[PDB]
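Q: Enclosed are the sequence and the experimentally obtained structure.
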Amino acid sequence: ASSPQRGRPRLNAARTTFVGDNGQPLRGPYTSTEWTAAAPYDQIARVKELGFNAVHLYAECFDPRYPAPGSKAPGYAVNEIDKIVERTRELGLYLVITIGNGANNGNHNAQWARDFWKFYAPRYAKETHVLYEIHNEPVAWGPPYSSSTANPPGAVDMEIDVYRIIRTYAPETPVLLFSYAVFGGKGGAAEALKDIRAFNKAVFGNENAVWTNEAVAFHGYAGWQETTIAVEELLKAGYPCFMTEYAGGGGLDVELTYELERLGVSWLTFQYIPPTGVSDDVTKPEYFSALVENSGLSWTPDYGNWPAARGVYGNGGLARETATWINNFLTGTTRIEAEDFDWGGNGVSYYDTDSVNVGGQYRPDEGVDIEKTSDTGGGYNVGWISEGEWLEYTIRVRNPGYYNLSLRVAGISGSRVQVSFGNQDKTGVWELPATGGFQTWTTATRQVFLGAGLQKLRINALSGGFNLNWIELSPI
Ligand SMILES: O[C@@H]1[C@@H](O)[C@@H](O)CO[C@H]1O
Ligand SMILES: O[C@@H]1[C@@H](O)[C@@H](O)CO[C@H]1O
Ligand SMILES: [Ca+2]
Ligand SMILES: [Ca+2]
Ligand SMILES: [Ca+2]
């Protein structure tokens, strides 16, 4: 290259999503040129510092009355869209361009959409960083668009016609199809498959076509659980997909983000690039960065060092899910070994006063001090604990409410800890019992009130003088 401009994103090896020119998912917030100036260069640039490598653009809002007299034709925002294209080009960002809806979400004007893409598909065909998303939420509110009673009918015909237009003028540009508002359950995937089959027959001559440069765009409005199921089922069917709009409503949907990361699916979140948008500002910590930081969510960003490289130790890299009760028994393990703190390093997933593990056991190349334990069950304990040290464990709380939090501890004298969950203090100062020896073990328990979701459990040592074997958490 002779600039930071990114190369064409392509379907990944696993055929789950589009990845960039380094094999990594596209991740990004949104902006709009539907009625405003292009977001300024400096604000677009900031997305790189938030771990993103892509921008979702709602380029123009369709006119429901087109082509009637006084209706607004596509192309009116060209000078603003050109600015977003150039800015993302120079910044080394991907750009996903779509048609927005304004007051008409779950609807479309077919002629307007065809005319939009006749203009814009050739215009950006040669911009390797740019992807085309046919039309935002064109049907109320999800699949099957191909049903005769879809509201409105005929959206698959629009998808087909627009696809033909795009591919005529922009033969190598990634195309994202459907943009389903509500994509949920095994049923949602099955209905989407009817749409896919119909589109495929019309465009490729075979209901079961293997896409080379297309994916299903979908939104998160079925909710994280049902959306995850629909995505899993579609992926099993052999069709890649791409998250193009979702929110926790109100801020990043941490749970859906986690699942998309797990599944290998690119995502565009519904928080905006300053100065303006119709939802929440992605640069305000409370709607994005704090949610990421508190949850323990991590990915490898294209630029910078945020989010920090980190993850769960053991448990197959999955967040440790809390157990529940059925009648009088526990459905899964409640015990998190102290020595199984998140990887990431000193100042990231733990803080240790010395970079060496002086105990030399279990994780000899990290800074936490670990020795063999003679407590019931064997294994290891964290030792050489001093004031200001801390340890983090990424967990996933299944249900909100009261939990018994237990620490398995040993100490010659008294000691003090405090425990945070998602960077919220749940214990205050917790005085720990002197047991009279560093391998004389007791279980200390305090009741805590937890919110549901992915969250870091952080143990803060307010003093030294204790060893820690394990942590247990169970609903009351
Ligand atoms: O379709 C709209 C678009 O016009 C913009 O307001 C972003 O939100 C979407 O729901
Ligand atoms: O944690 C203690 C450490 O402080 C040192 O006293 C050696 O024994 C360990 O168990
Ligand atoms: Ca150490
Ligand atoms: Ca230590
Ligand atoms: Ca242990």
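A: All right, it came through fine. Residues are numbered from 1 along each chain as shown. Ligands and ions are numbered 1, 2, ... in the order given.

Q: Contacts only, for the closest residue to residue 30 other than its chain neighbours.
A: Among residues not flanking residue 30 along the chain, residue 56 sits closest, at 3.9 Å (Cβ to Cβ, 6 or more residues apart in numbering). Any C-beta I mention is one placed from the backbone N, CA and C, and that applies to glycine too. Residues near residue 56 by Cβ atoms under 8 Å, 6 or more residues apart in numbering: 28-31, 96, 98, 244-245, 268.

Q: Repeat that for residue 59.
A: Counting by Cβ under 8 Å, 6+ apart, residue 59 has contacts 32-34, 77, 81, 84, 97-100, 120.

Q: now with 10 Å?
A: Contacts for residue 59 were tallied using Cβ atoms under 10 Å, 6 or more residues apart in numbering; they are 31-34, 74-75, 77-78, 80-81, 84-85, 95-100, 116, 120, 133, 136.

Q: quick one: is the strand or helix carrying it near ligand 1?
A: Per DSSP states H and E: residue 59 is located in strand 54-61. Yes - against ligand 1, strand 54-61 shows contacts by Cβ under 6 Å from any ligand atom at 58, 61.

Q: now that strand: how far from the chain's centre is it?
A: 19 Å (Cα atoms, centre = their mean, to the nearest Å).

Q: Return the distance of residue 399 relative to residue 451.
A: Distance from residue 399 to residue 451, counting by Cβ to Cβ, to the nearest Å: 10 Å.

Q: picking up where we left off before, mind checking which of the contacts of residue 56 are buried?
A: Neighbour-count burial (16 or more other Cβ atoms under 10 Å) is assigned, among the contacts of residue 56, to 28-31, 96, 98, 244-245, 268.

Q: List the contacts of the residue of the stretch 151-300 of the chain found nearest ligand 1.
A: Residue nearest to ligand 1 within the stretch 151-300 of the chain: residue 278 (4.2 Å; Cβ to the nearest ligand atom). Each residue near residue 278 by Cβ under 10 Å, 6+ apart is listed here: 30, 32, 34, 58, 100, 102, 270, 272.

Q: swap the cut-off to 7 Å and go again
A: For residue 278, the set of contacting residues under the criterion of Cβ atoms under 7 Å, 6 or more residues apart in numbering is empty.

Q: Which of the three states applies to it?
A: Three-state call for residue 278 (DSSP: H, G, I helix; E, B strand; the rest coil): coil.

Q: quick revisit: for the residue nearest to residue 30, which residues make a bridge with it?
A: Residues in a beta bridge with residue 56, per DSSP bridges, are residue 30, residue 96.

Q: returning to what we had before: among the contacts of residue 59, the buried ones, what's the PyMOL command?
A: Selection of the buried residues among the contacts of residue 59 in PyMOL, burial being defined by 16+ other Cβ under 10 Å:
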select buried, resi 31+32+33+34+74+77+80+81+84+85+95+96+97+98+99+100+116+120+133+136
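
Q: Check the contacts of residue 59 one by one and keep those near ligand 1.
A: Within the contacts of residue 59, those near ligand 1 by Cβ under 6 Å from any ligand atom are 32, 34, 100, 136.

Q: Considering only those residues, which also neighbour ligand 2?
A: Okay, of those, nothing touches ligand 2 (Cβ under 6 Å from any ligand atom).

Q: Not counting residues beside it along the chain, what's closest to the residue in the chain that ligand 3 sits nearest to?
A: Nearest to ligand 3 in the chain, going by Cβ to the ion, is residue 354, at a distance of 3.8 Å. Computed as Cβ to Cβ, 6+ apart, the closest residue to residue 354 that is not its neighbour in sequence is residue 367, at 6.7 Å.

Q: ditto for residue 472
A: Per Cβ to Cβ, 6+ apart, closest to residue 472 is residue 406, 4.1 Å.

Q: cool, residue 210 as well?
A: residue 238 (7.2 Å).

Q: what do you get for residue 150?
A: residue 139 is the one closest to residue 150 (Cβ to Cβ, 6+ apart), at 5.4 Å.

Q: residue contacts, that neighbour?
A: 106, 145, 150-152, 155.

Q: what do you get if the cut-off is 10 Å, keeping everything else the same?
A: In this structure, residue 139 makes contact with 105-108, 145, 147, 150-156, 158, 178-182, 195, judged by Cβ under 10 Å, 6+ apart.

Q: and residue 170, how far is that from residue 215?
A: For residue 170 relative to residue 215 (Cβ to Cβ), the value is 16 Å.

Q: which of those two has more neighbours?
A: When residue 170 is set against residue 215 and neighbours are counted by other Cβ atoms under 10 Å, the residue ahead is residue 215, at 26 against 21.

Q: Whichever strand or helix holds the more buried one - contacts with which helices or strands?
A: Assigned by DSSP H and E, residue 215 falls within strand 214-219. Applying 3 or more Cβ pairs under 10 Å, 6 or more residues apart in numbering; DSSP states H and E, we find strand 214-219 packed against strand 130-133, strand 175-180, helix 185-204, helix 224-237, strand 241-245, strand 267-272.

Q: Reformat these as TSV; add distance to ligand 5.
A: Putting these into TSV (distance: least, Cβ to the ion, whole Å) gives the following:
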stretch	distance to ligand 5
strand 130-133	48
strand 175-180	46
helix 185-204	40
helix 224-237	32
strand 241-245	38
strand 267-272	36
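
Q: my guess is residue 276 contacts residue 32, does it?
A: Yes - using Cβ atoms under 10 Å, residue 276 makes contact with residue 32 at a distance of 8.1 Å.

Q: Need the residues touching each of those two.
A: Joint contacts of residue 276 and residue 32 (Cβ under 10 Å, 6+ apart) are residue 39.

Q: And stretch 448-456, what's buried?
A: 448, 450, 453-456.

Q: Closest one of the residues you listed to residue 346?
A: residue 456 (16.0 Å; Cβ to Cβ).
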